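This report refers to the structure that appears directly beneath it.
Please treat every number below as a calculation from the coordinates, not as lab data. So basically every Cβ, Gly included, is an ideal-geometry build from the backbone, and we count neighbours across all protein chains shown.
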Ligand SMILES: *[C@@H]1O[C@H](CO)[C@@H](O[C@@H]2O[C@H](CO)[C@@H](O[C@@H]3O[C@H](CO[C@H]4O[C@H](CO)[C@@H](O)[C@H](O)[C@@H]4O)[C@@H](O)[C@H](O[C@H]4O[C@H](CO)[C@@H](O)[C@H](O)[C@@H]4O[C@H]4O[C@H](CO)[C@@H](O)[C@H](O)[C@@H]4O)[C@@H]3O)[C@H](O)[C@H]2NC(C)=O)[C@H](O)[C@H]1NC(C)=O
Ligand SMILES: *[C@@H]1O[C@H](CO)[C@@H](O[C@@H]2O[C@H](CO)[C@@H](O[C@@H]3O[C@H](CO[C@H]4O[C@H](CO)[C@@H](O)[C@H](O)[C@@H]4O)[C@@H](O)[C@H](O[C@H]4O[C@H](CO)[C@@H](O)[C@H](O)[C@@H]4O)[C@@H]3O)[C@H](O)[C@H]2NC(C)=O)[C@H](O)[C@H]1NC(C)=O
Ligand SMILES: *[C@@H]1O[C@H](CO)[C@@H](O[C@@H]2O[C@H](CO)[C@@H](O[C@@H]3O[C@H](CO)[C@@H](O)[C@H](O[C@H]4O[C@H](CO)[C@@H](O)[C@H](O)[C@@H]4O)[C@@H]3O)[C@H](O)[C@H]2NC(C)=O)[C@H](O)[C@H]1NC(C)=O
Ligand SMILES: *[C@@H]1O[C@H](CO)[C@@H](O[C@@H]2O[C@H](CO)[C@@H](O)[C@H](O)[C@H]2NC(C)=O)[C@H](O)[C@H]1NC(C)=O
Ligand SMILES: *[C@@H]1O[C@H](CO)[C@@H](O[C@@H]2O[C@H](CO)[C@@H](O)[C@H](O)[C@H]2NC(C)=O)[C@H](O)[C@H]1NC(C)=O
Ligand SMILES: *[C@@H]1O[C@H](CO)[C@@H](O[C@@H]2O[C@H](CO)[C@@H](O)[C@H](O)[C@H]2NC(C)=O)[C@H](O)[C@H]1NC(C)=O
Ligand SMILES: *[C@@H]1O[C@H](CO)[C@@H](O[C@@H]2O[C@H](CO)[C@@H](O)[C@H](O)[C@H]2NC(C)=O)[C@H](O)[C@H]1NC(C)=O
Ligand SMILES: *[C@@H]1O[C@H](CO)[C@@H](O[C@@H]2O[C@H](CO)[C@@H](O)[C@H](O)[C@H]2NC(C)=O)[C@H](O)[C@H]1NC(C)=O
Ligand SMILES: *[C@@H]1O[C@H](CO)[C@@H](O)[C@H](O)[C@H]1NC(C)=O
Ligand SMILES: *[C@@H]1O[C@H](CO)[C@@H](O)[C@H](O)[C@H]1NC(C)=O
Ligand SMILES: *[C@@H]1O[C@H](CO)[C@@H](O)[C@H](O)[C@H]1NC(C)=O
Ligand SMILES: *[C@@H]1O[C@H](CO)[C@@H](O)[C@H](O)[C@H]1NC(C)=O
Ligand SMILES: *[C@@H]1O[C@H](CO)[C@@H](O)[C@H](O)[C@H]1NC(C)=O
Ligand SMILES: *[C@@H]1O[C@H](CO)[C@@H](O)[C@H](O)[C@H]1NC(C)=O
Ligand SMILES: *[C@@H]1O[C@H](CO)[C@@H](O)[C@H](O)[C@H]1NC(C)=O
Ligand SMILES: *[C@@H]1O[C@H](CO)[C@@H](O)[C@H](O)[C@H]1NC(C)=O
Ligand SMILES: *[C@@H]1O[C@H](CO)[C@@H](O)[C@H](O)[C@H]1NC(C)=O
Ligand SMILES: *[C@@H]1O[C@H](CO)[C@@H](O)[C@H](O)[C@H]1NC(C)=O
């Protein structure tokens, strides 16, 4: 039962910050990366960045650099893994559905995705 | 040469502000660090803060809000106002001059140093007493 | 404290607590009925005009009390001695050290 | 094929007892007209070495004292100092005396990374794991080990220089076993390793992929020199019958921050070679930046390693801060020491590295880097 | 053969001592008097009647119990004693 349960939708004013949770369970979370994607209304998908669940190391592009903080929290006995994505300075262009997929193997084959969190600004 | 002359009331009541005024001859006030030292009779001296331009002042934590130092560049004078004096304040006062330094002991970029002051030359003396 | 030493002999003055860090001791000297006067700063660096007879223990040593050596003492050095201490691992001491009275037998 | 190999080691955590010593002279046979397809990413020797190193760590840590009573409430005042940041904490606590019915109020000097608040603090690992003190006599100095194949197997070495990590190797030799691998446990910079032959070598499993790290191998070493200038005197506290705990009792003066220096004149033009070899892959016109660190755990944001028995965590934000365009001063890296170590990314088995008396110094060789690209970068 | 025999004997001793119980609670403060033996002058203290609190099946409870310990087995800390090993090692 590979589950990537996300949090509820949030509405936030410009200049404030938001956090999106991606509570993960049902597999070896440490083995596979977690890639955050954002999809604007109507437009195609876009890459927010990946996080390694072992070392907590993120990797964001130049566009999202300095404004996205990808963190992970490991529960006791490694049963659940709450993956948080924090956006610092939201703008009008930041409204989107945020998904958090898992990278199963080196093909970047995202087989499990979160339900998606609608962030509106 | 540097000459320091201090003049004050001589006798001040308790809870009444004391104004001790020091005149320097030999160098300009803006070019040196000015210090005040109060020595109780039969005891050690006690540094009660120093004053300069650009707001470089640190006073004694005991006499934090009591003693205040001011400078007069045109007259070449330095004034001290001590508020709320008590019987323990009756002491000899000297108006001296500090030349700072830097005792470095580390990497410097990590702020592993401290600045130390010392009385290069001395004043004359003013044994201000308090009578209730 | 009181210390008495004959002329022409070394006198050792200890003032303040034990060392704890990189310490800078400034040794003053107050004559009777006179203002204090600098004789040593930075534990060895005498100011201009002061005699070179005086010396001080270096601040690089840890756990040792500050020591002022006065070799070949004369009548002029019969006076008080207050040491101002600047330790890196101690906040600023706005009160001078416990004075020591050097008394010459003459 | 894959097979288990043994050491050839010439007190340490990397025990030389339960595997054979070295041959007096290596036997190297140059196989002429042989072109074998190597692939270091699917190499099983790496996995066997990782498992062996973990096993040696476990067998070294196993017959030594468990610090079970230390997870208690700690009255932690700041250590005597004038100051910005109180890194060292003077923590007092009730500890079990060798008699079970008696207690002793003792104190220690912990680090800020080892204690979390609840003035009442507690050790960082009380929530997640049990703790085992490392043995004071046992040293963490890396020692060379050569992994040698059993009978019926052979080890092929690629003597060809300029060798990419994957693909055919025109110059193959067979060796009985390897050189001194010297297992240094470090992040963000490879220390004490092979120094290449011709030019800086960039190796990654897929260059296009970001998710996979980039291993850079240097020509000449970059000398890095550390100091923990604090004294950090050690004192023994008998926490039970035959069980002793080594605490930082006091510090002789100048509480100073630990640091490792790199030369600026060497690290510059070392990064010059690195950006030249990287522009060899990403085109001859792209500007190549180096940035601080993306983020993550403390072991990854900081160049973490073991110097002289103490675990350093150097910032290295001044090293990797450069922009490169196509056309005796030292970089001082402030490091943070830590005693509660969770090695091999394992939760459940922590470790208390004891204090080392006196001052400690690194003089080590940076012989490589680990990097990760930033992703994105469409055109 | 001597070295191998010695190593085998020590390992047999350790293997026999492994599954047995650990007496870490026994390192406590013991009130020791003399066992009733008239007054034998010297060699009177060779057996000491020592009382101590011991743990029970329930961790929250203790019990006052007594036992006869030899003089060589104990060391004084006038009546407070402890087992001689309590600073050097642990007993199985
Ligand atoms: C990584 O790279 C950095 C940068 O290069 C480097 O930082 C350096 O750290 C050292 C310590 O490791 C610092 O050295 C101190 O420097 C001061 C200042 O020395 C200068 O100025 C004096 C004149 O005031 C000159 O004579 C001198 O040549 C220098 O120009 C000194 O105060 C220090 O020495 C005293 O303190 C030590 C600690 O107690 C004592 O052991 C020593 O004997 C000295 O005490 C004596 O002198 C005192 C004078 O005030 C006196 O009061 C005492 O009684 C006693 O007689 C000390 O040497 C240096 O400042 C840093 N340099 C820079 C450029 O930042 C790191 O070390 C390096 N790390 C590695 C691993 O390489
Ligand atoms: C023990 O620790 C204390 C506390 O940290 C140190 O005292 C400090 O000493 C430094 C260095 O002299 C002082 O900094 C100086 O202050 C001036 C500004 O002061 C204002 O701001 C501070 C707080 O920021 C207030 O406390 C103060 O009242 C004022 O409002 C600046 O003018 C100074 O810069 C100039 O001087 C230095 C050296 O003289 C030069 O390097 C500079 O370039 C420049 O010329 C300077 O920043 C600081 O204010 C002191 N703090 C306090 C609380 O008094 C002790 O030095 C230290 N002692 C030992 C023995 O280790
Ligand atoms: C990369 O390799 C270099 C060498 O190629 C290596 O430098 C070595 O570091 C060690 C560890 O700090 C140094 O050994 C120490 O040196 C001094 C002087 O002899 C002593 O204080 C030490 O002895 C004490 O510590 C030992 C360890 O617990 C105890 O066994 C011993 O009984 C003492 O208590 C110790 O010998 C060594 O001098 C250097 N240099 C060499 C070998 O040339 C460096 O550390 C390596 N880098 C990494 C990250 O591993
Ligand atoms: C055990 O305790 C640590 C702290 O000692 C917990 O880590 C904290 O997690 C909380 C979660 O809300 C964060 O606010 C803190 O930022 C974390 N720690 C620190 C040191 O800043 C850890 O999650 C706990 N482990 C459990 C409950 O399994
Ligand atoms: C850590 O704190 C302890 C608190 O006890 C300090 O130990 C005291 O040090 C003072 C120094 O003047 C002595 O008078 C006391 O007797 C000491 N108490 C005990 C119980 O030993 C200790 O010095 C502190 N250490 C540091 C490095 O700050
Ligand atoms: C990235 O480098 C910058 C400095 O170039 C560091 O960012 C600072 O971090 C501190 C500590 O969290 C903050 O108080 C500052 O506000 C930050 N400055 C800026 C300009 O953002 C950062 O620490 C480096 N990253 C790592 C992992 O070391
Ligand atoms: C690593 O070093 C960098 C560079 O010194 C630190 O970034 C500075 O942090 C201070 C506060 O500690 C800020 O005021 C500066 O603005 C930062 N930026 C600079 C100098 O460019 C960084 O904090 C250090 N990292 C950690 C984790 O301590
Ligand atoms: C060892 O001492 C214990 C007391 O600590 C003795 O036990 C008592 O013996 C008397 C004998 O008259 C009984 O009446 C008590 O009820 C016993 N009290 C207890 C068990 O708490 C014991 O006899 C002594 N053993 C010797 C001298 O061999
Ligand atoms: C102790 O250190 C903490 C953390 O830096 C600081 O907030 C506090 O003011 C310090 N207390 C004293 C008495 O120095
Ligand atoms: C140690 O135990 C005593 C028991 O009365 C308690 O009052 C004290 O606070 C404890 N000290 C610590 C935890 O440092
Ligand atoms: C290794 O890199 C070199 C230099 O770019 C390249 O020519 C070679 O094909 C690479 N190896 C493989 C197996 O692709
Ligand atoms: C590192 O230390 C060695 C040995 O003391 C010295 O020769 C070298 O110059 C140092 N290098 C630095 C500080 O970069
Ligand atoms: C490093 O060298 C390059 C030229 O190769 C120069 O542009 C750059 O400023 C240097 N950086 C340093 C010394 O930090
Ligand atoms: C990065 O390098 C530039 C140029 O030397 C310098 O101004 C800047 O402060 C450096 N950043 C850090 C964090 O050291
Ligand atoms: C550290 O302290 C010891 C105390 O015995 C002293 O001998 C040693 O010199 C100190 N270290 C340094 C570098 O001064
Ligand atoms: C660093 O590299 C030089 C040159 O290869 C070598 O001679 C030296 O032993 C190395 N030092 C180490 C590994 O500490
Ligand atoms: C009996 O026990 C006491 C302690 O209670 C001991 O000091 C003494 O030597 C023993 N012998 C006699 C004869 O009292
Ligand atoms: C045993 O426990 C009781 C409980 O009240 C205590 O008074 C007594 O001193 C203890 N005796 C020993 C030998 O520990």
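Counting only residues that are in contact with a helix residue (DSSP H, G or I) (Cβ under 8 Å, 6 or more places away or on another chain) and assigned to a loop (DSSP other than H, G, I, E, B), segment C:1-29 holds 1 of them.
With segment A:61-112 as the region, which strands (runs of 3 or more DSSP E) entirely inside it contain at least 3 residues that are touching a helix residue (DSSP H, G or I) at 6+ places or on another chain (Cβ under 9 Å)? So the answer is A:80-87. Beta carbons closer than 6 Å, at least 6 apart along the sequence or on distinct chains, never pair a first residue in segment D:69-81 that is within 13 Å of residue D:105 (Cα to Cα) with a second that is within 16 Å of ligand 8 (Cβ to nearest atom). Filter segment D:250-290 for residues that are within 16 Å of ligand 5 (Cβ to nearest atom) and surrounded by fewer than 21 Cβ atoms within 10 Å (Cβ to Cβ); which is farthest from the other protein chains (Cβ to nearest Cβ)? This residue is D:250.
Scanning segment A:80-106 for residues that are within 12 Å of another protein chain (Cβ to nearest Cβ) and exposed (fewer than 14 other Cβ atoms within 10 Å of the Cβ) yields A:86, A:105, A:106.
Within segment D:363-377, one or more residues are within 16 Å of ligand 3 (Cβ to nearest atom), outside any helix (DSSP H, G or I), surrounded by fewer than 16 Cβ atoms within 10 Å (Cβ to Cβ) and away from chain A (no Cβ under 14 Å).
Within the option set E:82, E:44, being away from ligand 16 (no atom under 16 Å from the Cβ), away from chain D (no Cβ under 14 Å) and surrounded by 13 or more Cβ atoms within 10 Å (Cβ to Cβ) holds for one residue only, E:44. Residues in segment B:62-105 that are part of a loop (DSSP other than H, G, I, E, B) and buried (at least 18 other Cβ atoms within 10 Å of the Cβ): B:63, B:66, B:85, B:101, B:105.
Answer yes or no as to whether residue D:121 is surrounded by 18 or more Cβ atoms within 10 Å (Cβ to Cβ), within 16 Å of ligand 10 (Cβ to nearest atom) and over 27 Å from residue D:242 (Cα atoms). Yes, satisfied.
Residue E:61 - would you say it is under 15 Å from residue D:101 (Cα atoms) and more than 12 Å from the chain's Cα centre (by Cα)? It is true that residue E:61 is under 15 Å from residue D:101 (Cα atoms) and more than 12 Å from the chain's Cα centre (by Cα).
Looking across segment A:43-60, the residues that are more than 8 Å from every other protein chain (Cβ to nearest Cβ) and part of a loop (DSSP other than H, G, I, E, B) come down to A:43, A:44, A:53. Being more than 13 Å from chain D (Cβ to nearest Cβ) and closer than 22 Å to residue D:243 by Cα holds for only one residue in E:28, E:21, and it is E:21. The strands (runs of 3 or more DSSP E) found entirely in segment D:128-233 that carry 1 or more residues being touching a strand residue (DSSP E or B) at 6+ places or on another chain (Cβ under 7 Å), buried (at least 18 other Cβ atoms within 10 Å of the Cβ) and within 14 Å of another protein chain (Cβ to nearest Cβ) are D:201-204, D:214-228. Restricted to segment D:78-104, and to residues there that are away from every other protein chain (no Cβ under 14 Å) and surrounded by fewer than 16 Cβ atoms within 10 Å (Cβ to Cβ), the residue that is farthest from ligand 7 (Cβ to nearest atom) is D:94.
Name the single residue that is surrounded by the fewest Cβ atoms within 10 Å (Cβ to Cβ) among those in segment B:23-56 being part of a loop (DSSP other than H, G, I, E, B) and within 13 Å of chain C (Cβ to nearest Cβ). Per the criteria, the residue is B:42. Of all residues in segment D:297-310, those satisfying the criterion of being within 16 Å of ligand 7 (Cβ to nearest atom) and surrounded by 17 or more Cβ atoms within 10 Å (Cβ to Cβ) are D:297, D:299, D:300, D:301, D:302, D:303, D:304. Scanning segment D:9-39 for residues that are part of a loop (DSSP other than H, G, I, E, B) and closer than 22 Å to residue D:165 by Cβ gives D:34, D:35.
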